[PDB]
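A.B. asks: Mind looking over this structure? Questions follow.
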Amino acid sequence: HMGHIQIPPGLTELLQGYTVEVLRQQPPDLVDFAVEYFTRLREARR
Amino acid sequence: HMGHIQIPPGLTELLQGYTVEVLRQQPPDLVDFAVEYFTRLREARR
Amino acid sequence: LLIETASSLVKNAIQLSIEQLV
């Protein structure tokens with residue numbers, strides 16, 4: 001309430017989605033997987 | 001060795017770094033931002 | 001604070017996933 005801006009929601013779901021596939025796909029490179037996943041996200045929602 | 005889980009360390013810090021800059025720089029788009037951050041992380045390490 | 005919200009943030013993410021995906 002008091003103040004102005006606070007922890008914005010929506011980031012907890014985006015992270016949990018990554019921590020999931022990351023543990024399932026168990027890719028040899030998480031850095032390259034994060035760049036290939038997020039980058040593909042923007043193309044998904046279109 | 002069969003019947004056990006393996007959690008590679010490093011995901012706790014990598015995620016904490018993103019959660020920081022995001023709540024600090026306040027980018028216009030976290031999706032596209034996540035791609036510019038991790039992609040640049042490749043050059044950071046090593 | 002902020003570092004306190006992100007810390008536990010990763011803990012709740014790991015639980016809600018390996019627990020039979022509950």
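Scheme for the structure tokens: letters A, B, ... for chains in order shown; per-chain residue numbers from 1; ligand numbers from 1 in order shown.
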What's the 10 Å shell around residue 2 (chain C), counting only C-alpha atoms, without same-chain residues fewer than 3 positions away, as an MDAnalysis selection string?
C.D. replies: (chainID A and resid 6:7) or (chainID B and resid 19:20 23) or (chainID C and resid 5:7)
A.B. asks: With chain B laid on chain A by least squares, using all C-alpha atoms in order, how large is the RMSD?
C.D. replies: 2.1 Å
A.B. asks: Please report as a PyMOL selection string which residues of chain C come no farther than 12 Å from chain B, using only C-alpha atoms.
C.D. replies: chain C and resi 1-11+13-14+18
A.B. asks: For a test of reading the model, state the distance in Å between CA of residue 27 (chain B) and CA of residue 36 (chain A), rounded to one decimal.
C.D. replies: 19.5 Å
A.B. asks: Tell me the residues of chain B close to chain A, meaning within 8 Å using only C-alpha atoms, as a PyMOL selection string.
C.D. replies: chain B and resi 7+23+31-32+34-36+38-39+41-42
A.B. asks: Work out how far apart CA of residue 43 (chain A) and CA of residue 10 (chain A) are and give it in Å to one decimal.
C.D. replies: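 Computed distance, CA of residue 43 (chain A) to CA of residue 10 (chain A), equals 18.8 Å.
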A.B. asks: Please, which residues of chain C, numbered as in this document, come out alpha helix (DSSP H) from DSSP, as a VMD selection string?
C.D. replies: chain C and resid 3 to 18
A.B. asks: Take the selection from the previous step and output its residues with N, CA, C and O atoms, as a compact mmCIF listing (two decimals), in the first residue's frame.
C.D. replies:
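The new file again06.txt reads:
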# COMPACT_ATOMS: atom_id res chain seq x y z
N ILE C 3 16.19 -8.86 -1.87
CA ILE C 3 16.98 -10.13 -1.88
C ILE C 3 16.23 -11.22 -1.10
O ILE C 3 16.45 -12.40 -1.31
N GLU C 4 15.36 -10.84 -0.21
CA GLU C 4 14.61 -11.87 0.58
C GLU C 4 13.47 -12.45 -0.26
O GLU C 4 13.11 -13.60 -0.12
N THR C 5 12.89 -11.66 -1.13
CA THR C 5 11.77 -12.16 -1.97
C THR C 5 12.31 -13.08 -3.08
O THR C 5 11.68 -14.04 -3.46
N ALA C 6 13.48 -12.79 -3.58
CA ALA C 6 14.06 -13.64 -4.66
C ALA C 6 14.64 -14.92 -4.07
O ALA C 6 14.54 -15.99 -4.64
N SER C 7 15.25 -14.83 -2.92
CA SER C 7 15.84 -16.05 -2.29
C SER C 7 14.80 -17.17 -2.21
O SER C 7 14.88 -18.16 -2.90
N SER C 8 13.81 -17.01 -1.37
CA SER C 8 12.76 -18.06 -1.25
C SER C 8 12.08 -18.29 -2.60
O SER C 8 11.53 -19.34 -2.86
N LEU C 9 12.10 -17.31 -3.46
CA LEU C 9 11.45 -17.46 -4.79
C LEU C 9 11.95 -18.74 -5.48
O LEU C 9 11.19 -19.48 -6.06
N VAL C 10 13.23 -18.99 -5.42
CA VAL C 10 13.78 -20.21 -6.08
C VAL C 10 13.37 -21.46 -5.29
O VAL C 10 13.21 -22.53 -5.85
N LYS C 11 13.20 -21.34 -4.00
CA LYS C 11 12.81 -22.52 -3.19
C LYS C 11 11.40 -22.99 -3.57
O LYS C 11 11.16 -24.16 -3.80
N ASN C 12 10.46 -22.08 -3.63
CA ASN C 12 9.07 -22.47 -4.00
C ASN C 12 9.02 -22.98 -5.44
O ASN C 12 8.17 -23.77 -5.80
N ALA C 13 9.92 -22.52 -6.27
CA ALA C 13 9.92 -22.98 -7.69
C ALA C 13 10.38 -24.43 -7.78
O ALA C 13 9.84 -25.22 -8.53
N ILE C 14 11.38 -24.80 -7.03
CA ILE C 14 11.87 -26.21 -7.07
C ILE C 14 10.81 -27.16 -6.52
O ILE C 14 10.52 -28.18 -7.10
N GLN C 15 10.23 -26.83 -5.40
CA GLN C 15 9.18 -27.72 -4.81
C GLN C 15 8.03 -27.91 -5.80
O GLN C 15 7.71 -29.01 -6.20
N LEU C 16 7.41 -26.83 -6.21
CA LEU C 16 6.28 -26.94 -7.17
C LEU C 16 6.79 -27.38 -8.55
O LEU C 16 6.73 -26.64 -9.51
N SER C 17 7.31 -28.57 -8.65
CA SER C 17 7.83 -29.05 -9.96
C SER C 17 8.26 -30.52 -9.85
O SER C 17 7.78 -31.37 -10.56
N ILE C 18 9.17 -30.81 -8.95
CA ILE C 18 9.63 -32.22 -8.80
C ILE C 18 8.64 -33.02 -7.96
O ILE C 18 8.60 -34.23 -8.01
A.B. asks: To one decimal place, how far is CA of residue 25 (chain A) from CA of residue 44 (chain B) in Å?
C.D. replies: 24.3 Å
